[PDB]
Amino acid sequence: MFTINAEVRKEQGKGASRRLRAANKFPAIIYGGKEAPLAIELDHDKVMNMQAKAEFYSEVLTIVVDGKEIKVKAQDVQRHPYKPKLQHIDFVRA
Amino acid sequence: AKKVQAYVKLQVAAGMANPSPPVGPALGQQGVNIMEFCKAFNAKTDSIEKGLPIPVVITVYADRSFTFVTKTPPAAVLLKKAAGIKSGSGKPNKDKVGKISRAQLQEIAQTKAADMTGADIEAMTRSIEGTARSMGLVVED
Amino acid sequence: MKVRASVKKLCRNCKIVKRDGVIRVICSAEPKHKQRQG
Amino acid sequence: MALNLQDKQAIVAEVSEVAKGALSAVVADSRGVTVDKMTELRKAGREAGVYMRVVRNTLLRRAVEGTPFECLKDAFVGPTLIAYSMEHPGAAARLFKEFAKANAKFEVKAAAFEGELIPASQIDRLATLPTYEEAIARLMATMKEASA
RNA sequence: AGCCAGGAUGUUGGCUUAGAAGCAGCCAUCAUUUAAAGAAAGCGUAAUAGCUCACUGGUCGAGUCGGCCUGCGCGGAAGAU
């Protein structure tokens with residue numbers, strides 16, 4: 001059971017995303033069901049060490065944001081084109 | 001036994017301790033005497049058996065007179081005159097064709113129990129199994 | 001001596017040492033294997 | 001080294017011999033050879049069979065690991081290399097005397113005969129455990145003390 | 001990491017070769033005594049022999065190994081008043 005911790009994104013966009021990535025974080029989003037898509041940031045190192053194993057992506061994961069566990073499954077992931085890095089992640093509610 | 005000189009073991013003839021071609025002068029020349037190999041080795045040879053290969057080890061330093069000592073026969077050659085096929089294989093090691101006995105391979109290893117570390121008597125026979133399966137001789141247990 | 005841009009360990013014996021700001025391979029076993037960077 | 005299900009077996013046999021045993025001695029194989037242990041092999045084999053086992057266990061977590069249960073004085077006999085010769089059925093029969101006579105042939109050493117835990121002492125080469133079955137020496141003076 | 005030991009058996013695996021015994025190759029890459037010991041990684045040889053190495057047991061008694069990300073530096077770096 002992987003448990004991710006995350007914060008809600010105040011500012012979204014191109015520059016904001018770039019800034020996040022510079023600061024060892026990276027954006028991600030949750031979507032699914034009746035509830036509205038939730039944008040969050042993630043600490044990059046934690047989640048990279050995570051996504052290394054394959055079970056990360058098959059199994060259900062728990063995201064903690066504002067002290068609330070959301071169970072999601074990793075749907076899609078943007079990687080940096082020529083680095084072992086994550087640009088962005090799509091999570092779907094589960 | 002705690003210390004050793006030197007030793008040249010070689011399958012010699014029991015029946016008559018006087019070989020030229022196989023060993024002869026090569027069985028001892030470096031202080032060893034060939035005249036003391038047919039007055040004492042034969043003395044302790046008319047009380048057991050004579051005719052099969054009997055390795056010998058000569059205890060010669062430089063004092064010209066040595067102390068002949070005895071030894072034991074080979075276990076790998078024990079499945080030739082006391083098992084079956086003398087060669088042991090016949091063909092390249094790819095197709096098992098050899099064989100052994102089940103009543104045997106227990107009492108043939110008791111004869112050479114003076115050179116086995118296995119403190120149990122039956123523990124010496126389990127090592128025979130591997131030596132009896134060098135090629136893969138499958139037995140009828 | 002080989003003086004190379006690319007200096008490397010060529011065998012188990014080969015050891016890499018920097019002396020006076022010069023990467024050098026010195027090998028106990030093989031004389032041919034001693035190198036220098038240049 | 002395997003993990004923990006392999007070392008414990010060495011300690012299991014060690015504790016079994018240490019507790020379920022008898023008089024035992026020490027053989028400090030600093031430079032074990034092939035015939036040293038062979039001569040001891042014959043020596044121990046005469047003891048009824050395979051119960052006088054001697055392996056090269058001198059580790060604090062191997063041979064000193066079974067010290068807490070029985071033979072709780074091997075901490076001083078746990079340094080450099082101590083091949084505890086734990087016994088089994090019988091008594092002290094000749095293990096001590098045989099070890100003294102074998103160690104006196106320059107076979108490597110025994111840490112000056114450190115000793116196992118039979119008595120209330122530490123290092124004392126005693127020859128009061130050889131004879132333990134003799135019952136025919138009391139039948140030699142009966143046919144010579146009758147006429148006179 | 002050094003330091004002290006072993007580094008065996010069937011076995012010198014067979015061939016083709018001149019000879020081939022770990023080490024010319026070509027091929028199989030197996031089993032035994034098991035603490036462990038490659039039908040052998042290097043040296044060595046007429047070829048054996050011999051000398052190492054692999055792994056492993058002892059001594060010792062705290063950290064150690066080599067990948068990733070990035071900062072700054074080193075070499076690569078020879079021209080004419």
# chains A, B, ... in the order shown; residues from 1 in each chain; ligands from 1
call {"tool": "closest_atom_pairs", "arguments": {"of": "chain D", "to": "chain E", "cutoff": "12 Å", "atoms": "only C-alpha atoms (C1' of nucleotides)", "output": "tab-separated table"}}
result
residue	atom	partner	partner_atom	distance
D:1	CA	E:56	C1'	9.6
D:28	CA	E:58	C1'	11.0
D:29	CA	E:58	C1'	9.2
D:30	CA	E:58	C1'	7.6
D:31	CA	E:5	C1'	5.9
D:32	CA	E:5	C1'	7.0
D:33	CA	E:5	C1'	8.1
D:34	CA	E:6	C1'	9.2
D:55	CA	E:35	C1'	9.8
D:56	CA	E:57	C1'	7.9
D:57	CA	E:58	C1'	9.2
D:58	CA	E:58	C1'	8.4
D:59	CA	E:58	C1'	9.3
D:79	CA	E:59	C1'	9.8
D:80	CA	E:59	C1'	7.0
D:81	CA	E:58	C1'	7.5
D:82	CA	E:58	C1'	10.7
D:83	CA	E:58	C1'	11.7
call {"tool": "write_last_selection", "arguments": {"atoms": "N, CA and C atoms", "output": "short mmCIF file (atom, residue, chain, number, x, y, z; two decimals), in the first residue's frame"}}
result
data_model
loop_
_atom_site.label_atom_id
_atom_site.label_comp_id
_atom_site.auth_asym_id
_atom_site.auth_seq_id
_atom_site.Cartn_x
_atom_site.Cartn_y
_atom_site.Cartn_z
N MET D 1 28.07 -17.42 4.07
CA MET D 1 27.12 -17.30 5.17
C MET D 1 25.69 -17.27 4.62
N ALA D 28 43.51 -26.09 19.58
CA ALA D 28 43.62 -24.79 18.93
C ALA D 28 44.26 -24.91 17.55
N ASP D 29 43.43 -25.16 16.53
CA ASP D 29 43.92 -25.38 15.17
C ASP D 29 44.16 -24.03 14.50
N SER D 30 45.27 -23.39 14.88
CA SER D 30 45.64 -22.15 14.23
C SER D 30 46.03 -22.38 12.78
N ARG D 31 46.64 -23.51 12.47
CA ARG D 31 47.09 -23.80 11.11
C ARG D 31 46.78 -25.24 10.73
N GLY D 32 45.54 -25.66 10.97
CA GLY D 32 45.12 -27.00 10.62
C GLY D 32 45.67 -27.52 9.31
N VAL D 33 46.04 -28.80 9.32
CA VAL D 33 46.62 -29.48 8.17
C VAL D 33 45.67 -30.61 7.82
N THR D 34 46.07 -31.49 6.91
CA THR D 34 45.19 -32.59 6.55
C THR D 34 45.30 -33.77 7.52
N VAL D 55 34.66 -29.64 15.22
CA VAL D 55 34.72 -28.71 14.10
C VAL D 55 35.46 -27.44 14.51
N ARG D 56 35.83 -26.62 13.52
CA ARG D 56 36.61 -25.40 13.74
C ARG D 56 35.69 -24.21 13.99
N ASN D 57 34.98 -24.27 15.11
CA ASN D 57 34.07 -23.21 15.53
C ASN D 57 34.67 -22.49 16.73
N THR D 58 35.14 -21.26 16.50
CA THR D 58 35.70 -20.43 17.56
C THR D 58 35.02 -19.07 17.64
N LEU D 59 33.86 -18.93 17.01
CA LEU D 59 33.19 -17.64 16.97
C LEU D 59 32.36 -17.42 18.23
N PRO D 79 38.18 -16.90 22.68
CA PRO D 79 39.12 -16.21 21.78
C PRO D 79 39.84 -17.18 20.86
N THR D 80 40.97 -16.72 20.34
CA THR D 80 41.39 -16.81 18.94
C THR D 80 40.77 -18.03 18.25
N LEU D 81 41.05 -19.25 18.67
CA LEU D 81 40.61 -20.44 17.94
C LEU D 81 40.59 -21.61 18.90
N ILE D 82 39.39 -22.10 19.20
CA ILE D 82 39.19 -23.13 20.21
C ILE D 82 38.23 -24.15 19.64
N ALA D 83 38.73 -25.35 19.35
CA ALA D 83 37.90 -26.42 18.79
C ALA D 83 37.43 -27.32 19.93
#
call {"tool": "residues_around", "arguments": {"residues": "residue 46 of chain D", "least_positions_apart": "4", "cutoff": "12 Å", "atoms": "only C-alpha atoms (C1' of nucleotides)", "output": "PyMOL selection string"}}
result
(chain B and resi 119-121) or (chain D and resi 39-42+50-52+93-95+98)
call {"tool": "atom_distance", "arguments": {"atom1": "atom CA of residue 94 of chain B", "atom2": "atom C1' of residue 37 of chain E"}}
result
25.3 Å
call {"tool": "atom_distance", "arguments": {"atom1": "atom CA of residue 27 of chain A", "atom2": "atom CA of residue 48 of chain A"}}
result
12.9 Å
call {"tool": "closest_residue", "arguments": {"among": "E:16, E:68, E:9, E:75", "to": "residue 34 of chain E", "atoms": "only C-alpha atoms (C1' of nucleotides)"}}
result
E:9
call {"tool": "closest_residue", "arguments": {"among": "E:21, E:43, E:1, E:15", "to": "chain B", "atoms": "only C-alpha atoms (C1' of nucleotides)"}}
result
E:15
call {"tool": "interface_residues", "arguments": {"of": "chain B", "to": "chain D", "cutoff": "12 Å", "atoms": "only C-alpha atoms", "output": "ChimeraX atom specification"}}
result
/B:1-4,113-123
call {"tool": "write_last_selection", "arguments": {"atoms": "C-alpha atoms", "output": "PDB file, in the first residue's frame"}}
result
ATOM      1  CA  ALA B   1      52.165 -40.745  11.457  1.00  0.00           C
ATOM      2  CA  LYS B   2      52.956 -37.043  11.907  1.00  0.00           C
ATOM      3  CA  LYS B   3      55.805 -36.267   9.443  1.00  0.00           C
ATOM      4  CA  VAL B   4      56.653 -37.453   5.934  1.00  0.00           C
ATOM      5  CA  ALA B 113      38.328 -48.509   5.894  1.00  0.00           C
ATOM      6  CA  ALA B 114      41.855 -47.608   7.065  1.00  0.00           C
ATOM      7  CA  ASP B 115      41.867 -44.552   4.761  1.00  0.00           C
ATOM      8  CA  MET B 116      38.313 -43.234   5.320  1.00  0.00           C
ATOM      9  CA  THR B 117      37.478 -40.228   7.478  1.00  0.00           C
ATOM     10  CA  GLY B 118      33.848 -41.281   7.893  1.00  0.00           C
ATOM     11  CA  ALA B 119      33.777 -42.168  11.572  1.00  0.00           C
ATOM     12  CA  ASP B 120      30.681 -44.303  10.992  1.00  0.00           C
ATOM     13  CA  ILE B 121      31.154 -47.518   9.047  1.00  0.00           C
ATOM     14  CA  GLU B 122      28.074 -46.792   6.918  1.00  0.00           C
ATOM     15  CA  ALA B 123      29.299 -43.221   6.366  1.00  0.00           C
TER      16      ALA B 123
END
call {"tool": "residues_around", "arguments": {"residues": "residue 89 of chain B", "least_positions_apart": "4", "cutoff": "12 Å", "atoms": "only C-alpha atoms (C1' of nucleotides)", "output": "list in words"}}
result
residues 79, 80, 84, 85, 93, 94, 95, 96, 97, 98, 99, 132, 133, 134, 135, 136, 137 and 138 of chain B
call {"tool": "decode", "arguments": {"residues": "segment 63-94 of chain B", "atoms": "N, CA, C and O atoms", "output": "PDB file, in the first residue's frame"}}
result
ATOM      1  N   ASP B  63      70.420 -42.425   4.482  1.00  0.00           N
ATOM      2  CA  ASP B  63      71.101 -43.388   5.338  1.00  0.00           C
ATOM      3  C   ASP B  63      71.146 -44.763   4.693  1.00  0.00           C
ATOM      4  O   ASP B  63      71.464 -45.768   5.332  1.00  0.00           O
ATOM      5  N   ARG B  64      70.773 -44.814   3.414  1.00  0.00           N
ATOM      6  CA  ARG B  64      70.974 -45.948   2.516  1.00  0.00           C
ATOM      7  C   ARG B  64      70.084 -47.127   2.858  1.00  0.00           C
ATOM      8  O   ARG B  64      69.783 -47.959   1.995  1.00  0.00           O
ATOM      9  N   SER B  65      69.576 -47.149   4.082  1.00  0.00           N
ATOM     10  CA  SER B  65      68.694 -48.224   4.497  1.00  0.00           C
ATOM     11  C   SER B  65      67.364 -47.622   4.897  1.00  0.00           C
ATOM     12  O   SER B  65      67.300 -46.738   5.756  1.00  0.00           O
ATOM     13  N   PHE B  66      66.308 -48.082   4.256  1.00  0.00           N
ATOM     14  CA  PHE B  66      65.015 -47.455   4.432  1.00  0.00           C
ATOM     15  C   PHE B  66      64.080 -48.411   5.157  1.00  0.00           C
ATOM     16  O   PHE B  66      64.476 -49.486   5.620  1.00  0.00           O
ATOM     17  N   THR B  67      62.828 -47.988   5.267  1.00  0.00           N
ATOM     18  CA  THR B  67      61.780 -48.760   5.918  1.00  0.00           C
ATOM     19  C   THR B  67      60.612 -48.837   4.941  1.00  0.00           C
ATOM     20  O   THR B  67      59.846 -47.879   4.798  1.00  0.00           O
ATOM     21  N   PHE B  68      60.496 -49.968   4.254  1.00  0.00           N
ATOM     22  CA  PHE B  68      59.387 -50.178   3.337  1.00  0.00           C
ATOM     23  C   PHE B  68      58.068 -50.126   4.097  1.00  0.00           C
ATOM     24  O   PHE B  68      57.962 -50.627   5.220  1.00  0.00           O
ATOM     25  N   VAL B  69      57.059 -49.520   3.478  1.00  0.00           N
ATOM     26  CA  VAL B  69      55.751 -49.374   4.101  1.00  0.00           C
ATOM     27  C   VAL B  69      54.678 -49.847   3.125  1.00  0.00           C
ATOM     28  O   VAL B  69      54.895 -49.925   1.914  1.00  0.00           O
ATOM     29  N   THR B  70      53.507 -50.161   3.677  1.00  0.00           N
ATOM     30  CA  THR B  70      52.396 -50.683   2.902  1.00  0.00           C
ATOM     31  C   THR B  70      51.393 -49.573   2.591  1.00  0.00           C
ATOM     32  O   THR B  70      51.559 -48.414   2.979  1.00  0.00           O
ATOM     33  N   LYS B  71      50.343 -49.931   1.851  1.00  0.00           N
ATOM     34  CA  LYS B  71      49.299 -49.003   1.413  1.00  0.00           C
ATOM     35  C   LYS B  71      47.993 -49.742   1.151  1.00  0.00           C
ATOM     36  O   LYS B  71      47.794 -50.840   1.676  1.00  0.00           O
ATOM     37  N   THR B  72      47.091 -49.142   0.381  1.00  0.00           N
ATOM     38  CA  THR B  72      45.779 -49.726   0.140  1.00  0.00           C
ATOM     39  C   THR B  72      45.476 -49.659  -1.354  1.00  0.00           C
ATOM     40  O   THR B  72      46.095 -48.874  -2.083  1.00  0.00           O
ATOM     41  N   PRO B  73      44.547 -50.482  -1.843  1.00  0.00           N
ATOM     42  CA  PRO B  73      44.193 -50.462  -3.272  1.00  0.00           C
ATOM     43  C   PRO B  73      43.242 -49.322  -3.592  1.00  0.00           C
ATOM     44  O   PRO B  73      42.645 -48.722  -2.686  1.00  0.00           O
ATOM     45  N   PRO B  74      43.061 -49.005  -4.875  1.00  0.00           N
ATOM     46  CA  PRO B  74      42.183 -47.887  -5.241  1.00  0.00           C
ATOM     47  C   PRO B  74      40.713 -48.279  -5.206  1.00  0.00           C
ATOM     48  O   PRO B  74      40.327 -49.367  -5.640  1.00  0.00           O
ATOM     49  N   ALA B  75      39.889 -47.365  -4.688  1.00  0.00           N
ATOM     50  CA  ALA B  75      38.445 -47.570  -4.669  1.00  0.00           C
ATOM     51  C   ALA B  75      37.830 -47.478  -6.059  1.00  0.00           C
ATOM     52  O   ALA B  75      36.843 -48.166  -6.343  1.00  0.00           O
ATOM     53  N   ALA B  76      38.386 -46.628  -6.928  1.00  0.00           N
ATOM     54  CA  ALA B  76      37.854 -46.497  -8.280  1.00  0.00           C
ATOM     55  C   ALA B  76      38.129 -47.740  -9.115  1.00  0.00           C
ATOM     56  O   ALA B  76      37.365 -48.048 -10.038  1.00  0.00           O
ATOM     57  N   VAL B  77      39.212 -48.456  -8.818  1.00  0.00           N
ATOM     58  CA  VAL B  77      39.513 -49.721  -9.474  1.00  0.00           C
ATOM     59  C   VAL B  77      38.860 -50.895  -8.752  1.00  0.00           C
ATOM     60  O   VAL B  77      39.012 -52.044  -9.174  1.00  0.00           O
ATOM     61  N   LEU B  78      38.123 -50.626  -7.672  1.00  0.00           N
ATOM     62  CA  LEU B  78      37.412 -51.666  -6.940  1.00  0.00           C
ATOM     63  C   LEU B  78      36.092 -52.057  -7.591  1.00  0.00           C
ATOM     64  O   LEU B  78      35.521 -53.089  -7.223  1.00  0.00           O
ATOM     65  N   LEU B  79      35.595 -51.263  -8.539  1.00  0.00           N
ATOM     66  CA  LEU B  79      34.391 -51.584  -9.296  1.00  0.00           C
ATOM     67  C   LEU B  79      34.718 -52.221 -10.640  1.00  0.00           C
ATOM     68  O   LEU B  79      33.904 -52.188 -11.568  1.00  0.00           O
ATOM     69  N   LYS B  80      35.909 -52.797 -10.752  1.00  0.00           N
ATOM     70  CA  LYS B  80      36.390 -53.445 -11.963  1.00  0.00           C
ATOM     71  C   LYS B  80      36.621 -54.929 -11.755  1.00  0.00           C
ATOM     72  O   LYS B  80      36.167 -55.750 -12.562  1.00  0.00           O
ATOM     73  N   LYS B  81      37.320 -55.291 -10.686  1.00  0.00           N
ATOM     74  CA  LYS B  81      37.551 -56.673 -10.311  1.00  0.00           C
ATOM     75  C   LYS B  81      36.558 -57.151  -9.261  1.00  0.00           C
ATOM     76  O   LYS B  81      36.646 -58.302  -8.814  1.00  0.00           O
ATOM     77  N   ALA B  82      35.624 -56.289  -8.846  1.00  0.00           N
ATOM     78  CA  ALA B  82      34.619 -56.684  -7.868  1.00  0.00           C
ATOM     79  C   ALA B  82      33.262 -56.058  -8.188  1.00  0.00           C
ATOM     80  O   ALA B  82      32.372 -56.016  -7.332  1.00  0.00           O
ATOM     81  N   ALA B  83      33.096 -55.514  -9.397  1.00  0.00           N
ATOM     82  CA  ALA B  83      31.755 -55.106  -9.811  1.00  0.00           C
ATOM     83  C   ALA B  83      31.293 -55.742 -11.120  1.00  0.00           C
ATOM     84  O   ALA B  83      30.274 -56.441 -11.152  1.00  0.00           O
ATOM     85  N   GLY B  84      32.054 -55.535 -12.194  1.00  0.00           N
ATOM     86  CA  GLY B  84      31.573 -55.807 -13.538  1.00  0.00           C
ATOM     87  C   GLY B  84      32.563 -55.382 -14.608  1.00  0.00           C
ATOM     88  O   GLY B  84      33.723 -55.800 -14.574  1.00  0.00           O
ATOM     89  N   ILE B  85      32.120 -54.570 -15.575  1.00  0.00           N
ATOM     90  CA  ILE B  85      33.019 -54.123 -16.636  1.00  0.00           C
ATOM     91  C   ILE B  85      34.306 -53.592 -16.027  1.00  0.00           C
ATOM     92  O   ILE B  85      34.281 -52.784 -15.093  1.00  0.00           O
ATOM     93  N   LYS B  86      35.443 -54.057 -16.553  1.00  0.00           N
ATOM     94  CA  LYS B  86      36.730 -53.599 -16.040  1.00  0.00           C
ATOM     95  C   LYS B  86      37.012 -52.165 -16.470  1.00  0.00           C
ATOM     96  O   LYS B  86      37.486 -51.348 -15.675  1.00  0.00           O
ATOM     97  N   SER B  87      36.746 -51.839 -17.733  1.00  0.00           N
ATOM     98  CA  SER B  87      37.007 -50.481 -18.195  1.00  0.00           C
ATOM     99  C   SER B  87      36.213 -49.473 -17.377  1.00  0.00           C
ATOM    100  O   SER B  87      36.743 -48.445 -16.939  1.00  0.00           O
ATOM    101  N   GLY B  88      34.938 -49.767 -17.145  1.00  0.00           N
ATOM    102  CA  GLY B  88      34.066 -48.865 -16.436  1.00  0.00           C
ATOM    103  C   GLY B  88      33.191 -47.994 -17.310  1.00  0.00           C
ATOM    104  O   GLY B  88      32.098 -47.616 -16.871  1.00  0.00           O
ATOM    105  N   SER B  89      33.645 -47.613 -18.508  1.00  0.00           N
ATOM    106  CA  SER B  89      32.733 -46.932 -19.423  1.00  0.00           C
ATOM    107  C   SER B  89      32.546 -47.616 -20.776  1.00  0.00           C
ATOM    108  O   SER B  89      31.459 -48.120 -21.074  1.00  0.00           O
ATOM    109  N   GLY B  90      33.609 -47.696 -21.573  1.00  0.00           N
ATOM    110  CA  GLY B  90      33.472 -48.131 -22.953  1.00  0.00           C
ATOM    111  C   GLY B  90      33.274 -47.033 -23.989  1.00  0.00           C
ATOM    112  O   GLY B  90      33.898 -47.078 -25.055  1.00  0.00           O
ATOM    113  N   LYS B  91      32.425 -46.052 -23.705  1.00  0.00           N
ATOM    114  CA  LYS B  91      32.061 -45.005 -24.648  1.00  0.00           C
ATOM    115  C   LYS B  91      32.101 -43.637 -23.984  1.00  0.00           C
ATOM    116  O   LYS B  91      32.121 -43.533 -22.752  1.00  0.00           O
ATOM    117  N   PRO B  92      32.116 -42.567 -24.776  1.00  0.00           N
ATOM    118  CA  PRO B  92      32.218 -41.222 -24.198  1.00  0.00           C
ATOM    119  C   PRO B  92      31.096 -40.969 -23.206  1.00  0.00           C
ATOM    120  O   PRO B  92      30.001 -41.531 -23.317  1.00  0.00           O
ATOM    121  N   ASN B  93      31.372 -40.113 -22.225  1.00  0.00           N
ATOM    122  CA  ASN B  93      30.460 -39.967 -21.101  1.00  0.00           C
ATOM    123  C   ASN B  93      29.179 -39.258 -21.516  1.00  0.00           C
ATOM    124  O   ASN B  93      28.984 -38.090 -21.168  1.00  0.00           O
ATOM    125  N   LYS B  94      28.305 -39.942 -22.258  1.00  0.00           N
ATOM    126  CA  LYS B  94      27.051 -39.330 -22.686  1.00  0.00           C
ATOM    127  C   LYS B  94      25.856 -40.267 -22.515  1.00  0.00           C
ATOM    128  O   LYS B  94      24.714 -39.809 -22.399  1.00  0.00           O
TER     129      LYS B  94
END
